[PDB]
Amino acid sequence: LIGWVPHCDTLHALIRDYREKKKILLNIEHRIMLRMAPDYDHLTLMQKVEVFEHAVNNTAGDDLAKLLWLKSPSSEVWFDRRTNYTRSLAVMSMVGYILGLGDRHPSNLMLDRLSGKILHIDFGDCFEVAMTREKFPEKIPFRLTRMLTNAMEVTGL
Amino acid sequence: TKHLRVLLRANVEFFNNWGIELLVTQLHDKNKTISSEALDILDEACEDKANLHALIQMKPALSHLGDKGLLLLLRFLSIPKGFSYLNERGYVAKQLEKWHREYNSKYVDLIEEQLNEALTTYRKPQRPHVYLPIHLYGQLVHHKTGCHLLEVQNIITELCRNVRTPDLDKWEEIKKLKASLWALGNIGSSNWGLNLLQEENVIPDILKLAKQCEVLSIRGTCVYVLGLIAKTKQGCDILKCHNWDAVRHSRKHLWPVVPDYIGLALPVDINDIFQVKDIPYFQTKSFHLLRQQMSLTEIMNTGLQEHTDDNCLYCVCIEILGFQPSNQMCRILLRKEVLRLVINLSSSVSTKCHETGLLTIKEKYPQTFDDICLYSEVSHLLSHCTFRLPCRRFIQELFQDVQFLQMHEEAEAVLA
Amino acid sequence: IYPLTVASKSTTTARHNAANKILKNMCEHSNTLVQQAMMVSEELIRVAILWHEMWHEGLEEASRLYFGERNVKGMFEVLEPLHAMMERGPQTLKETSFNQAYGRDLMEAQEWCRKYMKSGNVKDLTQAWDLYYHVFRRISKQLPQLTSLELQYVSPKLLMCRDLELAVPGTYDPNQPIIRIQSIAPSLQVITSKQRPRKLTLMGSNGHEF
Amino acid sequence: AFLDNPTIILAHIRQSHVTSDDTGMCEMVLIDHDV
Amino acid sequence: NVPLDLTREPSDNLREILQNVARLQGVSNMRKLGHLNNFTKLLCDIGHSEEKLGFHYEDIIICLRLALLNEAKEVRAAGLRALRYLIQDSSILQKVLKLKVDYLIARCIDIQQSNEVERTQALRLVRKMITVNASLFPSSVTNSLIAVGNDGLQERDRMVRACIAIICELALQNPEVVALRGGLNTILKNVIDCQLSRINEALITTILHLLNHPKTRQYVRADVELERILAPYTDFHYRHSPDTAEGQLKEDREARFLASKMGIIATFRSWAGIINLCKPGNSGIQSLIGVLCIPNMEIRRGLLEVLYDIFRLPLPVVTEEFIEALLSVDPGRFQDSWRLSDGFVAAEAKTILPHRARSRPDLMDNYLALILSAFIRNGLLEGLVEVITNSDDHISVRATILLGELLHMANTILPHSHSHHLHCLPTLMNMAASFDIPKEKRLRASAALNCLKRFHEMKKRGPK
Ligand SMILES: [Zn+2]
């Protein structure tokens, strides 16, 4: 029996609503990679970098940055929420690294609407289990992508 | 003819002197349907005493008609004036003999036919009304003179012993039990019919049979016959002692007031009839293993398991007919591979994989499906196991283009 | 109270006996509290997974073991608890409804598995899987349609409480006045997902919905 | 109803199928001659 | 073919039985087709015997056995026809079963090669085998009949109803073989998807017959065989066919309800079904009444139509006002048989003027009194009150009329003891005179009593 946390929505659904409103396909980046190389899943390590790097260059990742501003009633509230978001994601990144959390896909990442905090759910893979699996072993301590790092502040991370 | 019914239900003045006489002339009409319709509306009019006396004084001839005419004629025995007229040419004695041998049991058929037409969608070649047909024993007990004949013949003892000792094994002797229950119920429909019926203590026997009976049809039959017993005030008192209630008002007034009765009776607790004793269910009383670790080609680099000399098309004729023994390691490993795919096809878990495996064998080795013994083994397995229709049609179809020369050679020799 | 009920419901005999011994001691000073917790715990777990939910997971797991691992003794032990609950009789309309639609197939398939334990013929076990797989296909076609549940249909004992002395789960501190369960909403919504979680809304003693 | 004895049940089965079948098969397969 | 009919019987016997094998050479299939017809004609003249018809019975079967393996459908059809005229007694039939001919008889049942004329001949032979001796029916033929009936609808098989009619006949004379092969489950699943009134009545009658005699109830389970027909109404999400097209999914539910409704009605008109569905323990009737109280709109509208047909009451029109629905139930409503072209007065006067019978027992009222008593015992009246005060506007009106009909039926058919506490309605009356409950629920109950009272006046007036 898991408690229900109010005023929070998952990151995957948050981006989906923004893109569909702006007449933007949900998987533009995925389509470009398949168009350039249909056998993306079978490419070698060096070849996947070329396809992956090409996709992120032809599409500008700022959906989360603009999303947090359009939902702010004023500029004073916008700055307060952004500050909380930046220093709440950093806490879970280091704590999650020690615990060894894995499988941090966007569906398991929730952002608080009223305060801008970051909440993590589904603590299933711990103690580096996901890194040692033979099926798609992820090799990243935590989730820090271009979408998140473009919303904390303009100067970077 | 159909318009004489509305003049009957509207209580037209003096209908019993000019209306009844018009239904006797119409009874001899040329068309059967018109004559049959006249009997239907005439039986309804006979329920009034004034109308019934009119027919007796006219003494019509109803013997030439069918069973409808015979039943209408039997109602004359309920009146002492009509009983003397009939019991003067030697008629009641003939009916008693005929009502014990020939169609005593056919009265049950008349009961069942009306119910089956009412609500079954059977139609033997909107709420209807099903009224109890006229019965000889139920009309002879209205007057004491008629009741005397029923007792001297000693028919009550014959019927009562059939109820206390029922044989619920043969479907023909069960109908005799029904032929007795419906006969006992009509006798108890009158006060003078209950005096000679309760002296042998038969009513509790029916009550026991109405709640503890192996055959459920007999259990439901007793409910109807217990209604006929409750047609009198005296009869309802007997049932009340045994925790059976009944309605104590007639149908002439549709708003009864608690201070002739219609036949209806139900137990105080309805669950006393719906109890049935439980009866236990009757069901309560190799190459396959080695194949999964190897391949068909790897192993290559008697086979029939359930093959005995009683369930084979060719092997069974060695002794009875006189056939010759069949003739033939490469081919013995193909029988097991074919057989094991048949068993795995009985689960339908992976039909495509198993069907693909059998098609390849028929292409690479088309001659393996040409032995009668293998077909007998497959046919035997199709009986014990269960297969889906598309899968069952897939088997027995790879064997369409076969010759079976062994059977042809042997059959020709023994026949010639 | 909550951890003890979980321990008392464990499969292990040692944990089961030890947990019950502690429970009966608490019955002296507070008997009505443990009785309510046992009723609530049994009903909540019943709502979480229904009879057709258990069989869908059980048959899918059993099929993988038999056809992937080729283990026969391990397949039966998976399905033994599933057939065990059907012998105790349905306690609600939903369980009664399941026992009519798929009751005959599941009970007959058990009989064929019983003959394999004695005869040992492979055909008996294969014929048993003809009924298990047929029911599995039927259940899999109605799982997506399940989108809402009525308390009367699944567990009538939950909406007839109207009052409880048991605290709301997940909120209890000795330094704060306690809040108890007042009522349970008569309808709960099922979230469309692979696990299909339910949305249970309680009612606190102070008028705050949890 | 009193559909108890097999005599009337057999008649009912072979009458309903013949009368109420769209396909002309029961009229040819349920011939009373074969008894 | 030239029928000789001149030489001796053994001489005439040799020719056709020699050309039937032919070693698949030197003889055409056309000649074999004509030779088989000669055997049937010859068998009509000389009676069935082993002393006059040349060889013994066993030799004739062997040569006749090599006629069903031909690749021509006409020859196989003729070969099956000859066997029908040959099997007359159990001695001949047992000799045929000894040679395992059933492996070939069942083969011709399911080949589906545009041989509908051949398949009719095979099925007609099966009915001959059952009549001669039903206790020795082979299990190979039985399993073929179950397969073509259990899964004969998805394959668009046209001879599907002709095979179910044979299983039911076999299930009455040898239930043991049918029970083992799961033949009783096939009949139960057929009534779910058979929306023909006459056929559905016949199928359910056969199963109820097995529950009648004490020595046959051992072949039917307790609470899972007969209660299968209640699944469409008891289960809100019922899937009868694991594989079906999703295009007619909405239509499939409507077909299931209509077919299941004719099954529940059919089992409540037989004594073998009333008792089994109303056992003192857990029964199907309690589940059927219990599901009525659940606030579901699709089930409730379906169940009310069932209840009207069980008691054989006229269905009102769909509306949201009681007055419009009340005018459609009056016995004096106009009918199409009352015109001048049809019965002018005699047809009309039958349903208005009352019958001249005050003492003749009515066997139909006895049936309804027992049925009504069973539902009241299980709690039908309490269920209807919940439906009236907790449903949609157009559903409560249908339930109010049904409640009014039962009360009027119960004060003239049921005995006093059953109905002395029936007209008070303790549950409905307390929801009326209660100011603690929400006002919307209170006035729905109060309005129900006013509407129900006006129904009483309609019966008081009578037909006009
Ligand atoms: Zn052999």
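- cryo-EM is the method the PDB entry lists for this structure, together with a resolution of 3.41 Å.

1. Regarding the overall build of chain D
Here is step 1: A count of helical and extended segments in chain D gives 2 helices and 0 strands.
Here is step 2: C-alpha atoms of chain D, sized along the principal axes, occupy 30 × 20 × 5 Å.
Here is step 3: Taken over 35 residues, chain D has a buried fraction of 57%.
Here is step 4: Carbon and sulfur atoms provide 62% of the accessible area of chain D, an area that totals close to 1500 Å².

2. As for the sheet that holds strand β3 (residues 118-120) of chain A
Residue and element names in this part refer to chain A.
Here is step 1: Pairing is antiparallel across the open sheet formed by 3 strands, whose spatial order is β1-β2-β3. Each edge of the open sheet is held by one strand with a lone partner, namely β1 (8-10) and β3. Ignoring which end each strand starts from, the neighbouring axes of this sheet average 35° apart.
Here is step 2: Note that β1 and strand β2 (residues 109-112) share 3 bridges and pair antiparallel. Residue pairing for β2: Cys 8 is matched across the bridge by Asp 112.

3. What to know about the pairing of strand β3 (residues 187-190) of chain C
Residues and elements named next belong to chain C.
Here is step 1: Burial of the side chains of β3 is restricted to one face: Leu 188 and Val 190 are buried, whereas none of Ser 187 and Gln 189 on the reverse face is.
Here is step 2: Pairing of strand β1 (residues 148-150) with β3, which is carried by 3 bridges, proceeds in the antiparallel orientation. The partner of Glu 150 across the bridge, within β3, is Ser 187.
Here is step 3: Pairing geometry for β3 and strand β4 (residues 198-199), over 2 bridges, is antiparallel. By the bridge assignment for β4, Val 190 is matched with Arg 198.

4. A short note on the coordination of the zinc ion
Residue and element names in this part refer to chain B.
Here is step 1: Within the protein, the atoms that donate to the zinc ion are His 307 (NE2), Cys 312 (SG), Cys 315 (SG) and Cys 373 (SG), at distances of 2.1 to 2.3 Å.
Here is step 2: Its 4 donor atoms give the zinc ion angles of 103 to 114° at the centre, a pattern that matches the tetrahedral case.
Here is step 3: Relative accessible area serves as the criterion here: at 30%, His 307 is assigned to the partly exposed category.

5. Overview of a nonpolar patch on the surface
Residue and element names in this part refer to chain A.
Here is step 1: Taken together, the side chains of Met 94, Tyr 97, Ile 98, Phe 142, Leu 144 and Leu 157 make up a nonpolar region of the molecular surface, amounting to roughly 670 Å² of accessible area.
Here is step 2: Note that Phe 142 resides in the loop between α6 (129-132) and α7 (146-149).
Here is step 3: Since its relative accessible area comes to 30%, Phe 142 is described here as partly exposed.

6. Points about the interface of chain B and chain E
Here is step 1: Between chain B and chain E, the residue contacts involve 109 residues of the former and 104 residues of the latter.
Here is step 2: Of the roughly 9800 Å² buried where chain B meets chain E, counting both sides, 59% is carbon and sulfur surface.
Here is step 3: In terms of surface lost to chain E, no three residues of chain B exceed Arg 9, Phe 274 and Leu 415 of chain B, which account for 8% of the buried area on that side.
Here is step 4: Seen at the junction of chain B and chain E, the total is 8 salt bridges.

7. Notes on unusual backbone geometry
Residue and element names in this part refer to chain A.
Here is step 1: Positive phi, normally seen in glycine, also occurs at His 7, with a value near 60°.
Here is step 2: Relative to the assigned elements, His 7 resides in the segment before β1.
Here is step 3: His 7 sits in the partly exposed class, given a relative accessible area of 45%.
Here is step 4: Positive phi, normally seen in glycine, also occurs at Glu 128, with a value near 60°.
Here is step 5: Topologically, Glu 128 is positioned in the loop between β3 and α6.

8. Observations concerning the arrangement of the chains
Here is step 1: When the 6 pairs of chains in contact are compared, the highest contact count belongs to chains B and E.
Here is step 2: Chain A shows no contact with chain B. Their nearest C-alpha atoms sit 25 Å apart.
Here is step 3: A gap remains between chain C and chain D, which never touch, and the nearest two C-alpha atoms on either side lie 26 Å apart.

9. Side note on helix α1 (residues 6-19) of chain D
Here is step 1: Spanning 14 residues, α1 of chain D covers 20 Å between terminal C-alpha atoms, matching the ideal 20 Å at 1.5 Å per step.
Here is step 2: Every buried residue of α1 of chain D is accounted for by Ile 8, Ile 9, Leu 10, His 12, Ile 13, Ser 16 and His 17 of chain D.
Here is step 3: Tucked into the core, α1 of chain D has its buried residues touching α9 (106-118) of chain B, α2 (26-29) of chain D together with α9 (161-173) and α12 (197-210) of chain E.

10. Focus: the environment of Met 159 of chain E
Here is step 1: For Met 159 of chain E, the position within the fold is in the loop between α8 (139-150) and α9.
Here is step 2: What makes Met 159 of chain E buried here is its relative accessible area of 3%.
Here is step 3: Linking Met 159 of chain E and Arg 119 of chain E, residues 40 residues apart in sequence, is a C-alpha distance of 8.7 Å.
Here is step 4: Filtering out sequence-adjacent residues up to four positions away, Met 159 of chain E remains in contact with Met 25 of chain D together with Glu 116, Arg 119, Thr 120 and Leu 123 of chain E.

11. Some thoughts on the side chain of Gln 95 of chain B
Here is step 1: Relative to the helices and strands, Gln 95 of chain B is located in helix α8 (residues 92-101).
Here is step 2: Non-local contacts of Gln 95 of chain B, meaning those with residues more than four positions away in its chain, are made with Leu 74, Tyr 103 and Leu 136 of chain B.

12. Regarding the pattern of salt bridges
Any two side chains of opposite charge can pair, on the condition that their charged atoms come close.
Here is step 1: Applying the stated criterion to the full structure yields 61 salt bridges over all chains.
Here is step 2: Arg 388 of chain B serves as the salt-bridge partner of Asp 130 of chain C, at 3.8 Å between the closest nitrogen and oxygen. In this pair, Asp 130 of chain C is assigned in helix α8 (residues 122-140) and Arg 388 of chain B in the loop between α22 (372-384) and α23 (389-394), connecting two distinct chains.
Here is step 3: A relative accessible area of 22% means that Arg 388 of chain B is categorised as partly exposed.
Here is step 4: The structure contains a network of salt bridges with shared partners spanning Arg 19, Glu 29, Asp 63 and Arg 146 of chain A.

13. Considerations on a negative patch on the surface
All names here are of chain E.
Here is step 1: Taken together, the side chains of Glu 320, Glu 321, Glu 324, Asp 392 and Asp 393 make up a negatively charged region of the molecular surface.
Here is step 2: With respect to the secondary-structure elements, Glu 321 resides in the loop between α17 (297-311) and α18 (322-326).
Here is step 3: Since its relative accessible area comes to 44%, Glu 321 is described here as partly exposed.

14. Quick word on the sheet that holds β4 of chain C
Here is step 1: Here 3 strands make up an open sheet; going across it, the order is β1-β3-β4 (chain C) and the pairing antiparallel. If you trace the sheet from one side to the other, it starts and ends with β1 and β4 of chain C, each paired once.

15. Looking at the packing of aromatic side chains
Remark: the centre distance and the inter-plane angle together describe each pair of aromatic rings, the angle taken between the planes.
Here is step 1: As enumerated under the stated definition, the model contains 25 aromatic pairs over all chains in all.
Here is step 2: Relative to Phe 136 of chain C, the ring of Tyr 133 of chain C has its centre 6.3 Å away and its plane inclined at 35°; by these criteria the two rings are tilted. You can see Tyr 133 of chain C and its partner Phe 136 of chain C sitting in helix α8, 3 residues apart, about one turn around the helix.
Here is step 3: An aromatic cluster of at least three residues, connected via ring pairs, comprises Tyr 107, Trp 182 and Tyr 224 of chain B, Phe 2 of chain D together with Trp 271 of chain E.
Here is step 4: Its guanidinium or amino end placed over the ring of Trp 192 of chain B, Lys 144 of chain B lies 4.4 Å from that ring's centre, counting from NZ or CZ.
Here is step 5: Sitting over the face of the ring of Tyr 281 of chain B, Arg 221 of chain E holds its NZ or CZ atom 4.5 Å from the ring centroid.

Rules used in this analysis
Residues numbered from 1 in each chain as written, not as in the entry; some residues may be left out. Chains lettered and ligands numbered in written order. Part of a larger assembly, values for the part shown. Heavy atoms only, no water. Residues with missing side-chain atoms left out of burial classes, pairs and counts. Helix = DSSP H or I, 4+ residues; strand = E, 2+ residues; numbered from the N terminus. Buried < 20%, exposed > 50% of the residue type's maximum accessible area, 1.4 Å probe, protein only. Areas by Shrake-Rupley, 256 points an atom, 1.4 Å probe, with all protein chains shown as cover. Pairing = 2+ DSSP bridges. Axes fitted to C-alpha atoms, helices over the stretch in contact; angles between N-to-C directions. Donors = N, O, S within 2.8 Å, 3.2 Å for Na, K, Ca; no water. Tetrahedral: all angles 85-135°; square planar, octahedral: opposite > 155°, others 65-115°. Patch = residues over 30% accessible without salt bridge, like charges linked within 9 Å, V, L, I, M, F, W, Y side chains within 5 Å. Salt bridge = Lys/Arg side-chain N within 4 Å of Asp/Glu carboxyl O. Contact = heavy atoms within 4.5 Å. Buried area = accessible area lost by both parts, 1.4 Å probe. Expected span 1.5 Å × (residues − 1). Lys, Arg positive; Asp, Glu negative; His and termini not counted. Charge placed at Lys NZ, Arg CZ, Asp CG, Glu CD. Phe/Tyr/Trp six-rings, centres within 6.5 Å; stacked < 30°, edge-to-face > 60°. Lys NZ or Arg CZ within 6 Å of the ring centre and 35° of its normal.

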